[PDB]
Ligand SMILES: *[C@@H]1O[C@H](CO)[C@@H](O)[C@H](O)[C@H]1NC(C)=O
Ligand SMILES: *[C@@H]1O[C@H](CO)[C@@H](O)[C@H](O)[C@H]1NC(C)=O
């Protein structure tokens with residue numbers, strides 16, 4: 001239940017992009033989820049600011065929430081599609097995949 | 001109630017650091033909080049991955065949570081303190097202050 005990376009496959013059919021994409025038919029997108037509380041194991045990649053916020057939360061929970069589990073690194077995907085003039089084009093979409101998460 | 005930056009002053013006395021710090025007596029730390037849902041106004045600095053995750057959440061909420069509001073930029077502070085041999089030293093602590101937030 002601690003902050004970590006999870007699996008998530010995204011199908012272009014579910015989003016309604018199947019019409020003009022030639023390949024791939026979907027991709028492994030992943031997602032960050034879980035608690036950012038003590039112990040802030042090093043693997044959880046907390047910043048100094050997160051350590052401070054988690055301590056403040058411990059001292060008076062009304063003053064500030066716990067940090068949130070979020071992506072610390074992302075990578076692009078490339079898709080092959082047909083434009084409106086029937087051209088076949090390769091398009092790069094940046095920040096589409098989660099590679100690592102942390103309490104930031 | 002949307003994702004934005006908030007005020008948070010942190011006093012070294014509340015954390016028990018007053019013993020050896022010469023200056024300052026605390027600092028403006030800030031914190032990110034709020035919802036990451038449509039509309040993802042541009043000011044909310046969402047990544048492509050967050051847009052995709054928010055859409056997936058809209059299509060079946062059981063599959064994935066909404067993105068979380070987290071810091072996108074942080075700055076260091078410098079403190080003046082007395083070490084165990086009574087030396088006066090200037091120490092820099094990185095990633096201590098939140099400057100901007102987003103749905104990441
Ligand atoms: C924290 O970052 C490192 C990158 O060195 C990564 O390998 C690790 O998986 C990250 N932790 C989590 C929980 O995603
Ligand atoms: C999003 O990032 C920009 C930096 O260009 C920043 O000025 C803005 O305040 C950020 N938004 C929020 C809600 O913090």
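First residue shown is number 1, and so on along the chain.
Per deposition record, X-ray crystallography, 2.0 Å.
Placement of Cβ uses the backbone N, Cα and C atoms for every residue, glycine included.
Summarising the environment of residue B:69 (disulfide bond), the number of other Cβ atoms within 10 Å of its Cβ, over all protein chains shown, is 23. Taken from Swiss-Prot, the feature disulfide bond covers B:3-B:69 (among others).
If you look up Swiss-Prot, you'll see B:32-B:101 (among others) marked as disulfide bond. Residue B:101 (disulfide bond) falls within a strand segment according to DSSP.
Here the Cβ of residue B:103 (disulfide bond) has 28 other Cβ atoms within 10 Å, regardless of which shown protein chain they belong to. Marked as disulfide bond by Swiss-Prot: B:36-B:103 (among others).
Summarising the annotation, Swiss-Prot assigns N-linked glycosylation site to B:45. Counting only residues at least six positions away in the same chain, the Cβ atoms of B:72, B:100, B:101, B:102, B:103, B:104 sit under 8 Å from the Cβ of residue B:45 (N-linked glycosylation site).
In sequence order, B:32, B:33, B:34, B:35, B:36, B:44, B:69, B:101, B:102, B:103 constitute the residues six or more apart from residue B:3 (disulfide bond) in its chain with CB-CB distances below 8 Å. Only B:45, B:101, in sequence order, out of the recorded positions B:32, B:36, B:45, B:69, B:101, B:103 have a CB under 6 Å from ligand 2.
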